[PDB]
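We begin with a single chain expressed as structure tokens, specifically the form solved without cytidine-5'-monophosphate (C5P).
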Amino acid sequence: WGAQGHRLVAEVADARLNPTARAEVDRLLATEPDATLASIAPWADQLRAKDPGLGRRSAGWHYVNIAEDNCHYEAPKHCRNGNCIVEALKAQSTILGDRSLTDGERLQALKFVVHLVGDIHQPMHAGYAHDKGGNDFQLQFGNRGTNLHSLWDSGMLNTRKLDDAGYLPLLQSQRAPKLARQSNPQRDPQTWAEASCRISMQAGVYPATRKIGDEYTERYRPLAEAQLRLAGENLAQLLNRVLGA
């Protein structure tokens, strides 16, 4: 997602934290002045200005290309060197839960976990290798030149013309998604990436025309918004388990 999508996932999650996780999240955040779960949510996309080395090191962690393999993830094939979102989310969840680390080390892991739970729910972050997750599927969207990846990251969300305070209660007023009975931090990332990939492969998500507009928005913006709500609920359930026991 773009930055607004990341912040909305965090804002949905923040309100669903249990008291234990609330307290520990606030304590980790307070080690960095002005940090909130929302403000840190875009951080992993913004590393070029102040931590370009980490940005280079972690750029592959934002996606996994499994649509060629019918949305059946295999770590050795799809995640060489741990360089994909499934293995990165698993590792950063472990690091976040390691109370023996410094606050700085745990906060960095929190920033990755918040971002990556968002990205692993963006269908085009779990799509085809051969068109770079839709980046090479060129579109005109209300006449603007774009691509299917960007359309899902921000194009459709931008059509609401809402700030976070207007968009958040829209997401919260949706029907509640049915979550797993418990967080499994090491198994859930694969489940989520495969679910996202299956959306990318649904008939119509790749549109029949390159010229699209309101018809596509009216059909699929609700699904993008459902995915933001689902990501936020999944992020809260994960933080409640890792930080809230």
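Here the rigid core means the biggest group of C-alpha atoms that line up within 1.5 Å when the two forms are laid on top of each other. The first residue of the shown sequence is 1; numbering continues from there. Residues that one form lacks are left out of the comparison.
Unshown form solved in complex with cytidine-5'-monophosphate (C5P); subsequent notes refer to it.
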| query | finding |
| --- | --- |
| Segment that reaches cytidine-5'-monophosphate (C5P) in the entry with it bound - one of 29-37, 214-222, 189-197, 42-50, heavy atoms within 4.5 Å | 42-50 |
| Contact flag, residue 121 vs cytidine-5'-monophosphate (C5P) in the entry with it bound, heavy atom cut 4.5 Å | no |
| In the entry with it bound, residue 244 touching cytidine-5'-monophosphate (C5P) (heavy atom, 4.5 Å) | no |
| Interface membership of residue 149, cytidine-5'-monophosphate (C5P) in the entry with it bound, 4.5 Å heavy atom rule | yes |
| Out of 51, 194, 26, 68, the residue that alone shifts its CA by 2 Å or more between this form and the one not shown when the rigid core is the reference | 51 |
| Direction of C-alpha distance change in the entry with it bound, residue 102 to residue 50 (at least 3 Å) | farther |
| Change in CA distance between residue 48 and residue 113 in the entry with it bound, which is 3 Å or more, as closer or farther | closer |
| Large-shift segments between this form and the one not shown, meaning 3+ residue runs whose Cα move 2 Å or more when the rigid core is superposed | 48-52 |
